[PDB]
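See structure below.
Neighbour counts run over all protein chains shown; Cβ positions are idealised from the backbone, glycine included. Bear in mind that the values in this text are calculations on the coordinates, not laboratory data.
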Amino acid sequence: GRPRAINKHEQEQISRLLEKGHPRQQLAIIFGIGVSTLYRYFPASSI
DNA sequence: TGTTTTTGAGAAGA
DNA sequence: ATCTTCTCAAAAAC
């Protein structure tokens, strides 16, 4: 189908950055992906 | 010009 | 204003 937005490596990198306090808004602008996507890969209640 | 899988804007939150 | 979740047209790839 449509290529995913981020691979396991990226997912890790991000999941770690998100747990360090990085705002999804930022990480979103940075990793070239939309915010709703991040909340999907990592619900705020999933940290 | 057709199905599939995933994206991302935006809508709505006892 | 912020934050989070959820839907859903449709991009993205073949």
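Based on this model, can you work out whether A:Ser36 counts as outside any helix (DSSP H, G or I) and either surrounded by fewer than 12 Cβ atoms within 10 Å (Cβ to Cβ) or touching a strand residue (DSSP E or B) at 6+ places or on another chain (Cβ under 6 Å) (or both)?
It is false that A:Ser36 is outside any helix (DSSP H, G or I) and either surrounded by fewer than 12 Cβ atoms within 10 Å (Cβ to Cβ) or touching a strand residue (DSSP E or B) at 6+ places or on another chain (Cβ under 6 Å) (or both).
In this structure, is A:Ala28 of a type in the set (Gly, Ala, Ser), within 10 Å of DNA strand B (Cβ to nearest atom) and part of a loop (DSSP other than H, G, I, E, B)?
Taking the combined requirement at face value, the residue does not satisfy it.
What about A:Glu10, is it of a type in the set (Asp, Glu) and surrounded by fewer than 13 Cβ atoms within 10 Å (Cβ to Cβ)?
Spelling it out, it is not the case that A:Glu10 is of a type in the set (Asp, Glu) and surrounded by fewer than 13 Cβ atoms within 10 Å (Cβ to Cβ).
Hey, could you check segment A:31-47 for residues that are more than 7 Å from DNA strand B (Cβ to nearest atom) and of a type in the set (S, T, N, Q) and say which is farthest from A:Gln11 (Cα to Cα)?
A:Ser45
Are any residues in segment A:10-25 assigned to a helix (DSSP H, G or I) and among the small types (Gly, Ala, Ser), and if so, which ones?
Once the filter is applied, which keeps residues that are assigned to a helix (DSSP H, G or I) and among the small types (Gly, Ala, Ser), segment A:10-25 yields only A:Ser15.
Can you go through A:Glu19, A:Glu10 and tell me which one is among the acidic types (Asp, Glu), free of Cβ contacts under 8 Å to residues at least 40 places away in the same chain and more than 11 Å from DNA strand B (Cβ to nearest atom)?
A:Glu19
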